[PDB]
Amino acid sequence: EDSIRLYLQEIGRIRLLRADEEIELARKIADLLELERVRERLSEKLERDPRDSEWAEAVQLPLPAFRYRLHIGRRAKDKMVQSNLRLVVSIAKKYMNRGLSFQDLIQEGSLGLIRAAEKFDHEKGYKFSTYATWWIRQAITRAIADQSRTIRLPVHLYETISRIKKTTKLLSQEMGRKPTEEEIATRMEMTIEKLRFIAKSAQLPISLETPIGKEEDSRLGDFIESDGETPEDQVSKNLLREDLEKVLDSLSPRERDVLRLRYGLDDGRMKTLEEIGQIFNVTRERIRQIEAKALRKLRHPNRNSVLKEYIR
Amino acid sequence: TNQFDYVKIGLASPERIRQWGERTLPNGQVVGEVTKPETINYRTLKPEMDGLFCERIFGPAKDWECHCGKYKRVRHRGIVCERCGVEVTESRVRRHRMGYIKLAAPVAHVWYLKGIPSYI
Amino acid sequence: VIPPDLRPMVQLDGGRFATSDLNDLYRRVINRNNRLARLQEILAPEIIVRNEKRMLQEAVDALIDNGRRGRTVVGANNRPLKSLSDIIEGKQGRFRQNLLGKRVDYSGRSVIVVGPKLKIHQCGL
Amino acid sequence: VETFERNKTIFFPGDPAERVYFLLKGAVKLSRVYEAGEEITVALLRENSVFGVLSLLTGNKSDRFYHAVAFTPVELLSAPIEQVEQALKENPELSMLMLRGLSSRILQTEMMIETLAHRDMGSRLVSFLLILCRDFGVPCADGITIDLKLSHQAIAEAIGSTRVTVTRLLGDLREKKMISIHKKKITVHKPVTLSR
């Protein structure tokens, strides 16, 4: 169940090739490649895709021989991407320890492998070993940086951070332990504010349950609470409600309505005096008057002196 | 106590699984699915919009706050966000929504499989 | 997929964060999935795509139950992760400890001492 | 150097942080509260100067029994009660200082006295109008005006008014000759002269 090996065996049992052998290819691959982008051209102009027949190419072809031509053309790439297999693992494995996962890598490469596998030109002669491996690398990096972190950060910043590390190490050389920061900013181009941000920004989270420590007795996170609140607060509040309620609800019961209408005591903050004026009985000159009236009424000692302690 | 009598153990057919996270909205177009494995954003901390913490399919972590914005109060409750399709409903609505992944390949449930009798 | 917060994940004071293996197993399988869809989309030659599925497969798997069959996943936790199964299993499966045994308040412990003068059916306090 | 905005209060009755303050700038008028309602300001100040005698009335157990006001954007300093307690306990001058400031708020009262509750709501409105021009006035060309951005009915607290501030004053603004307005301004033309 090695998985890595379980695939590694088998790829073994596909065997490596040489430039010449991979040349018959190249042509064929191109022969298929371009052919399709016919298929796309004809797509884009029309019906969105030839994607019928021998007319699934605008080109001319005895139809059976088309699909055939296609087969050999792309079979080359298939019989090439896999044909390589190794070397990409020699590359990906370098990131099997960097992060992601040996298998995870392998794929990624693969992806690349493809792309290269076809964006690739036997006319410049020198082998894909000095080009395929390029695309690979690329692919990869864009994976442990695209994830393997469970909080995706600007893959660009990653470099900046590293670049800082190197540049700061240079400072450290002259100024040991690079105590310089804002002076490092003369070479860091930005206040330590972001430097420190970067520091935290480049933090990897913690299992929430690593067993605590100084004792294997328990995981972590088991000493905190959710976004919820203790009843102690809940209640106090709810007191407020009524406390109020009555205390308001002992002066002009009608007006008390607007007290809750143009304000809260329910679920509007609000009903803009405008709308409210008419809401209760259609009014313009009977609102902010009773409004202040209500407040100043329940205001002043004996009245406001009830929330004086329950200012919640 | 008087909410139910017996439980019904069983399995979740792909409809029932996909019936754990539909949260279809009034724009009329379904959701609950998550199109991203990553978590909260790096700059801010908000829950992407289709990752493991997408609000619009689990719920507005910020009580009545369309991830989009515009509304930050119970006042805006039943009403949701046009622009984000966040289902504005406090936050306790989360911890319960569920969502799900259409699978690009079937997987013989570990449980039925390497089980003592390997029922499969 | 679990309602998020139970796979909660959390800002920690020092700035660091409290990732949950749940979203982790998960997210994994996501990639693997997507990617795989892109593999059939790119119509990659099987044996990749094949391989692939294989993987997927067991990503899923582990999610359900780590360490069951293939190689126990071990992430930044520097140890086997915590699959869906096992958080509800063992001595500490949800059952047996938060559930038959929860951990209430309105309580108080202490050392103990003989309470002479104080009669029985009484206690110090 | 405590302070607030053009629409605020300094405090209420019942609220026991009653030590002599020090309005550093702005009026910060205090609106003495009432039962059902209607609050004079009475109090109204200057640079540096104090207000809110509290730990001083019924000893340090006095209840303001008078809500306060952050009238204009405030500016107000204060001092640990000791300053008017221990530090005051010392040489008279120390206490006298506070007493002199108290005498200011007192003078203020005398100023309202006679001018306020005079009889007519027009003469009275002017009885302290010129006074106002002598307090936060702004002299400019016409003469010693105020200029502060104001109601028609804060004004009414000047009388018990309803439209007099926007109607009668219009008289002085033009029909009668005494002030002018820039959206919400006051141009007292004069100390006496026309309109006297």
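Couplings 3J(HN,Hα) of segment B:106-120, computed from phi: x, 9, 4, 2, 2, 6, 8, 10, 7, x, 2, x, 6, 2, 3 Hz, in residue order, whole Hz [Karplus 6.51 cos²θ - 1.76 cosθ + 1.60, θ = phi - 60°; x for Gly and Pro].
State whether segment A:231-308 is rounded, prolate or oblate according to the following rule on the C-alpha gyration tensor (a ≥ b ≥ c being the square roots of its eigenvalues): a/c under 1.5 gives rounded; otherwise a/b larger than b/c gives prolate, and the remaining case gives oblate. Cα axes put segment A:231-308 in the oblate bin. For C:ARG71 and A:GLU242, what does the FRET efficiency come to when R0 = 51 Å and r is the distance between their Cβ atoms, rounded to the nearest 0.05? My answer for the efficiency is 0.25. The chymotrypsin sites (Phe, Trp or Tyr not before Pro) of segment A:138-245 that DSSP puts in a loop, and whose beta carbon has at most 15 other beta carbons within 10 Å, are A:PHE223. Angle, helix D:92-115 long axis vs. longest principal axis of chain D, Cα atoms, 0 to 90°, nearest 10? Helix D:92-115 sits roughly 30 degrees off the main axis of chain D.
Take the alpha carbon atoms of segment C:1-47, find their center, do the same for segment D:59-98, and report the distance between the two centers in whole angstrom. What the calculation gives is 65 Å, centre to centre. With Cα atoms defining each centre, segment A:256-279 and segment B:24-102 are spaced 30 Å apart in the structure. For segment A:195-265, which GluC sites (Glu not before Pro) are in a loop by DSSP, counting at most 16 other Cβ atoms within 10 Å? Here the GluC sites (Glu not before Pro) that fit, given the DSSP loop and packing criteria, are A:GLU215, A:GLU216, A:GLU225, A:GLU229. For C:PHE17, the residues 5 or more places off, or on other chains, whose built amide H falls under 5 Å of its own are A:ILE206, C:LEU12. The C-alpha atoms of chain D define a longest principal axis, and helix D:164-173 lies at about 60 degrees to it. Which of A:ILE136, B:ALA105, A:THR283 sits closest to the plus end of the dipole of the protein assembly as shown, meaning its Cα is farthest towards the positive end, when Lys and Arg get +1 and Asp and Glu get -1 on the C-beta? Farthest towards the positive end: A:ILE136.
Checking the a/c ratio against 1.5 first, then a/b against b/c, what shape does the Cα gyration tensor give for segment D:1-72? Verdict is oblate for segment D:1-72. Based on alpha carbons, the Rg and Dmax found for segment A:123-188 are 17.6, 53 Å.
Remark: segment A:97-158 is approximated by an ellipsoid whose semi-axes, taken from the C-alpha gyration tensor as √(5λ), come to 26, 12, 8 Å, largest first.
Would you grab the residues whose amide H sits under 5 Å from the one on B:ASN41? Only those 5+ places off in sequence or on another chain, please, with H modelled 1.01 Å from N. Distant-sequence amide H within range of B:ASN41: B:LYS46, B:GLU48.
Isolated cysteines of chain B, defined as having no other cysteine beta carbon under 4.7 Å away, are B:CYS54.
Quick one: how many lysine pairs in chain C have C-alpha atoms under 28 angstrom apart, if they're 8 or more apart or on different chains? For chain C, qualifying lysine pairs total 4. Over chain B, dividing the summed -39,500 (n - 2.57) contributions of all DSSP H runs of at least 4 residues by the number of residues returns a 222 nm mean residue ellipticity of -1000 deg cm²/dmol.
Within segment A:59-127, the chymotrypsin sites (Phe, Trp or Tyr not before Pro) that combine a DSSP coil assignment with at most 15 other C-beta atoms in a 10 angstrom radius are A:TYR126.
The angle separating the long axis of helix C:21-41 from the principal Cα axis of greatest extent in chain C is about 10 degrees. Shape analysis of segment A:11-118 yields a ratio of the Cα radius of gyration to the Kirkwood radius, Rg/Rh, of 1.11. Computed over the Cα atoms of segment A:80-122, the ratio of the radius of gyration to the Kirkwood radius (Rg/Rh) comes to 1.02. In this rough spin-label picture, where each label sits 7 Å from Cα along the Cβ direction, the A:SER3-B:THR35 distance is 2.8 nm. For D:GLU2, the amide hydrogen comes within under 5 Å of the amide hydrogens of D:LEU76, D:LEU77, D:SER78, counting only partners 5 or more places away or on other chains and with H modelled in the peptide plane.
Other residues lying with their Cβ under 15 Å from the Cβ of D:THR58 contribute a combined charge of -1, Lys and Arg counting +1, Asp and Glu -1.
Checking the a/c ratio against 1.5 first, then a/b against b/c, what shape does the Cα gyration tensor give for segment A:167-282? In terms of gyration-tensor shape, oblate. Considering only alpha-carbon pairs that sit under 8 angstrom and 6 or more positions apart, the relative contact order computed for segment A:212-295 is 16 percent. Excluding residues fewer than 8 places away in the same chain, name every one of the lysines whose C-alpha is closer than 25 Å to that of D:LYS185. Qualifying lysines at Cα under 25 Å: D:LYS8, D:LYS25, D:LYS29, D:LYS149, D:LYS176, D:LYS177.
Taken one residue at a time, the phi angles of segment B:67-80 give Karplus couplings (6.51, -1.76, 1.60, θ = phi - 60°) of 2, 3, x, 6, 10, 10, 6, 3, 2, 7, 10, x, 4, 10 Hz. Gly and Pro are set to x.
FYI the Cβ positions are ideal-geometry reconstructions off the backbone, even for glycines, and counts take in every protein chain you see. Quick note: the coordinates plus some simple rules give every number you see, no bench work behind them.
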